[PDB]
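Student: In the first instance, please consider these chains from the complex; the rest will follow:
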Amino acid sequence: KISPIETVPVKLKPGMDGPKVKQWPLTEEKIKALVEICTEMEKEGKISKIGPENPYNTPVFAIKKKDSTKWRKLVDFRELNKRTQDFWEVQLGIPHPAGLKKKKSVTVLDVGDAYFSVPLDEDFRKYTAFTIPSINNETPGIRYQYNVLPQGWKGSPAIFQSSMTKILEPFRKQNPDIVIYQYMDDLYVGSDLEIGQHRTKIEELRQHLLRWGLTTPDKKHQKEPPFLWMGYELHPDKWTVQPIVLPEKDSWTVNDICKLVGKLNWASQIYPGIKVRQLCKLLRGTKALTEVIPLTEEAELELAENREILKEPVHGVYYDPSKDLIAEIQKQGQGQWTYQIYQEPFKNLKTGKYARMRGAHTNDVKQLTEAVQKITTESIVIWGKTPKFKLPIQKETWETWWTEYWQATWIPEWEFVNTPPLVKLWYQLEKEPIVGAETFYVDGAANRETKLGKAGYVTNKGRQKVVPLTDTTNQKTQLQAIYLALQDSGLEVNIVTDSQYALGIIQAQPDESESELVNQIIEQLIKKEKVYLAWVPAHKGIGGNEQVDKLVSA
Amino acid sequence: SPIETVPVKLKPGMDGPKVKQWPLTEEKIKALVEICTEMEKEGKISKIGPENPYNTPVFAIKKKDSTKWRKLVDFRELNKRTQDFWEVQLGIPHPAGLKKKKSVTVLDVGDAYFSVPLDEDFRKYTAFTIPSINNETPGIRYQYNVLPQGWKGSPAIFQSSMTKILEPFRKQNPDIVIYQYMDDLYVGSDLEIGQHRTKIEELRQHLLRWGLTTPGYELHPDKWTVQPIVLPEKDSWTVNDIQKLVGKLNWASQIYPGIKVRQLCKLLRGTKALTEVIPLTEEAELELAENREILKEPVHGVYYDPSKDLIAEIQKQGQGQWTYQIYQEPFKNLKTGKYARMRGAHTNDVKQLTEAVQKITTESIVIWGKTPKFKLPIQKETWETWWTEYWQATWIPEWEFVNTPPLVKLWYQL
């Protein structure tokens, strides 16, 4: 059975012809195993034998399936894919079980031989020609082209999903209360009907699908509470992820740290507390995927800490739209955040992690804000709404931030949760200059050809200091001079610079940075009581600034 | 509905829009599904497959004095891609008169496009996709059959018919100006506040009469006016005061080249403490007031250039105040201005930003007949996340984001 659904008209990119690429020699195991697949499809009319009138050829191969025994015929259309028209991908995302609502009866079905049950545009079938070589290569092997949707072509998923939607459109009209989560050929059909009456619609749905060419073999989850759908295990009350085995090995390659972070990230979905930043640091400095990398100390601690979160069963409850949505955030380490979306106290829906280091010089607030956004965005995707937030920041800290910042900022409806480590502003520069504090005029230059430089200050009281610098830049020197003015000063200072760059960094009140120089200038500002920073135009006659400019010139 | 459609081209060198559909809230996906199921039954839009490689995002907004949702499409891209069609081939003339008017009412005449059919060879370019809450099903793709609301090419094609409908009203009201910008119709008069309102009422009737529905509000052009850069007036000046002043002046000199700072810098000789009071000299006092004089009379040599793009920078001043500047080539401003907090709305910096954006754009349409490219004082993600919650316009302007700290407490403030 092949679907009687109308074909999606396909075209090749203007001016280009189809593929004339040769078939590569394969394994005897695979060739023998591919003749069976091709004989089954010919008698079923899925592929068609072609004579000398088809100049096209593309290589085929086969991969083993997830539960073995049976093979999967693949075609390397990397070439046709190039010559084929662009599509518009109709799959917009992956459905999340935290988004599923509590149903009285569920049955998840999979449609066997999916793509090999949907027609291919009669005109386009020519370029999908392939060749199965013989057992020992005698004369020509059997040719064959496709009459159905091939596994490995750019157009195939989008066409299938679209073809699956037109197939389930009539059944849904007649059954509006039935929720059919369709992802490719995997249909999670769930209803509020009684078990006997549910099982009947499923047989109506099954028969409906078979009239359409789509078979459902007896490897369809009936009423088995541990339902394996989308890499999850769904129980009627709660859901969990499928077994996640994190591999233990003595020597690690870079390909392995990629595999571990990816696994860890997948598991961040519901295991709260996952940290990857230090493990991710091992992917830094490009290098080969085959090359061995030593696991550093701070990364050994993290993998051990993550191993501890993983040997414990955790579940997430399903969604209740009559109850509202709550999201809560915690600070992990530096630049790392964890959140969890729930509706009731210990009953989580989904958990998460935000670890992106956007910018060279940020702060906790700035980071909490982009964390809030990451959630809001993905919450709208799963539940179609924004949640109420429980955030580790004071209403007054936030208020001082937004009213004083130059960018427009906003966080939705939120409440202050007193769970340390709290998010706060570690300093606040003065609006007006401090009376009874020493005034430090600072500048610092550098020669771009010798990479050397000087940095210093001059004060109102007569104090002075310049320092030589090794492999500096013009910007680093101006930053060095703020650092100096801060070391050699009291609890209350007044620093006046001619650098936009530097002042700009500091005005944004950073509490972390990628630059060590900037990190210690922060450490200093926290140690102060009152600091007033100001700016002045460079080569003007500003007495104070002019004096330091001369000093740093040699 | 069938007659004769206009052949619409795309410039040979540019490809149609291919934009990803961003996530939508449940309250508005439901709204879009209903509007789309209606619009399909009526025959305005049609269902298409994935063989159409194009997309343009859709969403919904809720207008002021409306509880009904409106289907908005972000055609910004297709507009850029069909500008020869709407600016060159079928331009819509801009009158310099409505700037000089007393009151201007805006009318949403966008409803009229749904009667006129779109060229077959172009319907493909107007494709969009409704998402599904928690990705239950793949997105449902559609495309326009009629003229779309949001495309700058719709009013261009409708010009033919729009001018016919408007001629008998203009023949007997030659004093009234009507400009058409997208789904809207700007109607201005030098009449009384009450008599304006009724002429608008007659106009509504006139259109409703010609088959077009149109389901203090109105703008007052001459009540906006350009606000200057101003220097503070202190009784006694400190070292810090003079330095901040010298800063302002130094950047201001990039606009007005005649501003001198010399004698103010002469008062700042030697390393003084920031809070030490410096009295003003005879020549310093003359340069102060003389500089203030140059900031009293605006910059000469500011001419609009209809080929060049309009640019606008906004500054958040805090406490609900927001300043803007519109220029074409830097330091050469065409218009500058403030933006005060509206009475009754809750304080949200983004609502205020979006509101400000919309105001400035409307002013830019009314004054130049084009929309500006905005240099927004907000981080990208922050905006992309909440702007559609506060949007009430039928058009959407171009924008980019910028992070630039206020070094000299912005020339614009107090």
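Tutor: Now that the structure is in, tell me what you want to look at. Residues are numbered from 1 along each chain as shown, chains lettered A, B, ... in the order given.
Student: Please verify my assumption that residue A:81 contacts residue A:153.
Tutor: Yes - under the criterion of C-beta atoms under 8 Å, residue A:81 lies in contact with residue A:153, with a separation of 6.6 Å. C-beta coordinates here come from the backbone N, C-alpha and C atoms, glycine included.
Student: Looking at those two, which one has more neighbours?
Tutor: The neighbour comparison of residue A:81 against residue A:153 (other C-beta atoms under 10 Å in any protein chain shown) goes to residue A:153, with 23 against 13.
Student: Dihedrals phi and psi, that one?
Tutor: phi -100, psi 140 (degrees, to the nearest 10).
Student: which non-adjacent residue is nearest it?
Tutor: Of all residues not flanking residue A:153 in the chain, residue A:77 sits nearest, at 4.7 Å (C-beta to C-beta, 6 or more residues apart in numbering or on different chains).
Student: Quick one: name the residues of the stretch 1-150 of chain B near chain A.
Tutor: Among all residues of the stretch 1-150 of chain B, those adjacent to chain A (criterion: C-beta under 8 Å from any C-beta of the partner chain) are B:18, B:21, B:23-27, B:29, B:49-55, B:127, B:129, B:131-141.
Student: let's bring in DNA strand C now:
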DNA sequence: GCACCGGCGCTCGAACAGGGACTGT
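Tutor: With DNA strand C now in place:
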């Protein structure tokens, strides 16, 4: 001696921008 599409993470490099110096007629 190995296919496709989607979502997410993470890092890298390309491309680009703005400021301050430099240089140069």
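Student: Who are the contact partners of residue A:476?
Tutor: A:446, A:453, A:469, A:517 (C-beta atoms under 8 Å, 6 or more residues apart in numbering or on different chains).
Student: Quick check: next helix or strand after the helix or strand containing it?
Tutor: Per DSSP states H and E, residue A:476 falls inside helix A:474-487. Under the assignment DSSP H and E, the closest C-terminal helix or strand after helix A:474-487 is strand A:492-497.
Student: Output that following strand as CSV - backbone C-alpha positions only.
Tutor: Once side chains and other backbone atoms are set aside, the C-alpha atoms of strand A:492-497 remain, and they are given as CSV (Å, rounded to 0.1, in the frame of the first residue of the first chain):
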residue,chain,number,x,y,z
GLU,A,492,36.5,58.2,48.9
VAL,A,493,38.0,59.0,45.4
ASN,A,494,37.3,61.3,42.4
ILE,A,495,38.8,60.0,39.2
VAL,A,496,38.8,62.0,35.9
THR,A,497,39.5,60.3,32.6
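Student: do it and DNA strand C meet at all?
Tutor: No - Strand A:492-497 lies apart from DNA strand C when judged by C-beta under 7 Å from any atom of the strand; the minimum separation is 9.8 Å.
Student: DNA strand D should join the structure above:
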DNA sequence: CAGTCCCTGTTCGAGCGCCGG
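Tutor: Alright, DNA strand D goes in next:
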């Protein structure tokens, strides 16, 4: 004064992995 170099900061897409089919 103007191009021009460098620094520094961005944004985009590429590439790899994870998961799904």
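Student: Report the secondary structure state of the residue of chain A found nearest DNA strand D.
Tutor: Nearest to DNA strand D, among the residues of chain A, is residue A:262, at 2.3 Å (C-beta to the nearest atom of the strand). Secondary structure state of residue A:262, per DSSP: H, G, I helix; E, B strand; the rest coil, is helix.
Student: Domains in the chain, by residue range?
Tutor: The chain I'm using is chain A. Annotated domains of chain A cover A:1-90+A:116-156, A:91-115+A:157-225, A:226-319, A:320-426, A:427-554 [curated CATH domains].
Student: meant chain B actually
Tutor: Taking curated CATH domains as the reference, chain B has its domains at B:1-91+B:114-154, B:92-113+B:155-222, B:223-304, B:305-414.
Student: Select, out of those, the one closest to DNA strand D.
Tutor: Using C-beta to the nearest atom of the strand and comparing the domains of chain B, the one that lies nearest DNA strand D is domain B:305-414, at 4.9 Å.
Student: now that closest one: how far from the chain's centre is it?
Tutor: Offset of domain B:305-414 from its chain centre (C-alpha atoms, centre = their mean, to the nearest Å): 8 Å.
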